[PDB]
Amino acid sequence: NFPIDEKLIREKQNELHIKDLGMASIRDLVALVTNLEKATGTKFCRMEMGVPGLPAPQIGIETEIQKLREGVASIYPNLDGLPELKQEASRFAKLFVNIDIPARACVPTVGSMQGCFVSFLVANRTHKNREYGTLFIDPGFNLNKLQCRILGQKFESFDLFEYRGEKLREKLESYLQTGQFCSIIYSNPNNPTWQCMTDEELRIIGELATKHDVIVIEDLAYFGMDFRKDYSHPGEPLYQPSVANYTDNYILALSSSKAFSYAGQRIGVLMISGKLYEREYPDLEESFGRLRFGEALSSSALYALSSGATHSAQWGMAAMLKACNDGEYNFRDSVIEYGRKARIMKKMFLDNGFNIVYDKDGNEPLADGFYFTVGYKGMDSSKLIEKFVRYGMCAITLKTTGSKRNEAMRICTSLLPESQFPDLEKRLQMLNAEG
């Protein structure tokens, strides 16, 4: 039972060489909890993994199976990507984002992580006279910083907490007006906070990207997952909001991993502004041997990175997008379950002494979705994560996300089974009773 012995916890941390639990890597945190579950015979409420909790859509799976039987495993995918995937991604951009993006400029990638890597690789080499590459609108996804670091590309970042709405203009522009940046990246909906960039904010970002001639990489990993609206019906409003409505300098990264529960197949698509795709950048020639942005990215960089994405997986994604386009599959009907879980879980935290840290978009309360953030009496997250583990819960801090809200933890709603909800509530009660 709870709380778990303090000595046992120290011992298991020492075994893993963990000095500050708030900075432990995800694999070390997972190993710690797994070791504690075994040592104590308890099952933790594990809320730390931002991964799919739903099965892959049958349309995807069955298409891969059919295509493997037809012979695609022995055939290299086309240099520019599977034509069907490029075409359905183009249709998807129109039917779900209302953006006109040609199939030519829709590029299959090995997940949005390869999509981000190549975007940084090319976008941050567009202007050799600029000292920096990406401006990060954090809290964000730390692997993206590692990508830039691996590329040797300097970057800057700021925590969006104090700069929402019209306040975003002066803050973004403080960096862009140095003339030293090439790109901007953010996720919407956001990992880790679940904030959704408003149309006011997207207009500010787009206007400034055009003014300062920088490229916006918009990470739509949690596609259409702001459940306060319904973005799931093709060809009619509402549509997923996008910076593409406010600038021509954009790359829209679409992953299959979250909205299509397809993380294992490593397949995504970059939907690149058509005008950007054709734009001639002399500074790309030395390293890529292409002048046009899109050719440098797709024909040179991606080809060199992996010579395409898994052929069966390209078909799986094409089939899933087509089904959405055609009105035969509603992607939101399954993933909205995460929001239903969030509504329940948020209330358990708030009933037991917690507050939502990143709590609003404009005046709208935070959506119920895949993640939310919590704090407990402003205590440092390094202390709160220890308190979680003592009470058989696991979640991550925001310490490596660029957030300056040192009290914040990220709660994920995906894997925790509803059958463990009674245990989560009891544990939160016990945690709050200790105080």
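Numbering starts at 1 and follows the sequence shown.
- Message: Quick check: 361 to 369 versus 196 to 204, which has the larger average CA B-factor in the record?
- Response: Result: 361 to 369.
- Comparing 409 to 417 with 7 to 15, the one whose average Cα B-factor in the PDB entry is higher: Result: 7 to 15.
- Query: When you compare the CA B-factors of 94, 149, 311, 127 as listed in the entry, which one comes out on top?
  - Reply: Of 94, 149, 311, 127, 127 has the highest C-alpha B-factor.
- Message: According to the Cα B-factor stored in this entry, which of the following is highest: 395, 31, 374, 398?
- Response: Highest CA B-factor of the listed options: 31.
- What third of the chain, by the recorded C-alpha B-factor, contains residue 303? Its C-alpha B-factor, which the entry lists for residue 303, ranks in the highest third among residues of this chain.
- Message: Using the temperature factors of the C-alpha atoms in this entry, rank residue 289 within its chain: lowest, middle or highest third.
- Response: It falls in the top third of the chain.
- Task: Can you work out whether the C-alpha temperature factor of residue 60 puts it in the lowest, middle or highest third of the chain?
- Result: Middle third - that is where residue 60 ends up once the chain's C-alpha B-factors are sorted.
- Message: Quick check for you: using the entry's CA B-factors within this chain, is residue 223 in the lowest, middle or highest third?
- Response: Middle third - that is where residue 223 ends up once the chain's C-alpha B-factors are sorted.
- Task: State the tercile, meaning the lowest, middle or highest third, of residue 47 with respect to the CA B-factors recorded for its chain.
- Result: Lowest third - that is where residue 47 ends up once the chain's C-alpha B-factors are sorted.
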